[PDB]
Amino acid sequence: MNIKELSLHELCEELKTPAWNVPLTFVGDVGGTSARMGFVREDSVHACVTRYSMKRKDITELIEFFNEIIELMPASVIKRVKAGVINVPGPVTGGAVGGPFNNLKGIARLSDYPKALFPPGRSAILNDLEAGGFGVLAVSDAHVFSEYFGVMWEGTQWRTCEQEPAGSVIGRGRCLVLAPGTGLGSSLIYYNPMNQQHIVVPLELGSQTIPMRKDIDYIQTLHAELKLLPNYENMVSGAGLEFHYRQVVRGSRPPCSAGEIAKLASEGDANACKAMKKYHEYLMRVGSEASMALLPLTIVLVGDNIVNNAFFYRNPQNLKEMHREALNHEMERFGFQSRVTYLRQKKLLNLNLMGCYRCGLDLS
């Protein structure tokens, strides 16, 4: 369960090790700023990758990186590749065509990828949160769930469906993965009770139109500013957090960035704290509506910033407020939102790289 980020040439030497004369899975975690790519081996799951800059901000650059890797590597090494899986930050169809993306131009095309790294019949392109969901499965299968995930609150259904303590395994029930970061990501780890298998269903929840509660004025305010009917991502993003802060201060303080707002909030600033609560009020609305639509056993909040903002979740007041909002739905009169166990990532981990590898296992 461990990953070292190495130089390209260090990597080449690492794979020359006897401990890497085994079948290999090629993996790639592609962001809009940079991309980490490398290999994973076998009861240990070990990965070493190297990083590239998405300098041109064009998804087709990946091809050059692939080619370079094949060049700066011995055929003994390459010939061991049994699977190749990458993830990209946009919708993907057929597991083979990714994009368009709003951070990058171009289209990820598996058919254009080198087959030394992407063996035919053993390769895939994933959506980033698709990979992330596979990552969650990987953590659960490594028996290390409680090390990376903390229970925010246990739902009504957990103890009936599961014998293990909440937070100690993923559970034999649907898990909705949400990643409120740059973009708002979402995937459903569906559980098939007939074959007892989990499958990862990519979703675009963030782009749904926000349904109201008692906030028509606040939504119209954003609508007027965006010139678009607000979707969840508009409220639950960096840009969303900046919006919430400006609406709190009313011009009494200068406008700050998301990172800065979050930093201030950690320092204890009331304006920034109010901003974070507003943001999470809308994140919980994604949860309450999806709790009904998708009937999950668990909802898991993932991503670096979820870990780096642990301070917000540890605060029992905030937690209580988020819980109240998670149950703010008409169907809670029947207990639907109460059914669901909410968890948060509490320790850093690249779920996406682990997910690429695990997806590879279902292929090979």
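If you superpose the two forms and keep the largest set of C-alpha atoms that fall within 1.5 Å, you have the rigid core. Start at 1 and count along the sequence shown; that's the residue number.
Between 233 to 241 and 68 to 76, greater CA displacement relative to the shown form is found for 68 to 76 when the structures in 4 other deposited structures of this protein are fitted on the core. Root mean square Cα distance to the shown form, taken over structures and residues in 4 other deposited structures of this protein after a core fit, is higher for 25 to 33 when 25 to 33 and 306 to 314 are compared.
Where coordinates are absent for parts of the deposited sequence, a chain break appears; between neighbours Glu42 and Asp43 it spans 1 to 3 residues.
79 to 87 and 182 to 190 differ in mean CA B-factor, and the higher of the two is recorded for 79 to 87. The mean C-alpha temperature factor is higher for 249 to 257 when 249 to 257 and 204 to 212 are set side by side. Listed residues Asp128, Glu289, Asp269, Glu233 were ranked by CA B-factor as deposited; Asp269 comes out on top.
If you compare the C-alpha temperature factors of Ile59, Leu297, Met322, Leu301 in the entry, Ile59 comes out highest. Ranked by Cα temperature factor within the chain, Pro74 sits in the highest third according to the deposited record. Compared with the other modelled residues of the chain, the Cα B-factor recorded for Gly32 ranks in the highest third.
In the deposited entry, the Cα temperature factor of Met1 places it in the highest third of its chain's modelled residues.
Among the modelled residues of the chain, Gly238 sits in the middle third by CA temperature factor in this PDB entry.
Annotation for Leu348: CA B-factor lies in the middle third of the chain's modelled residues.
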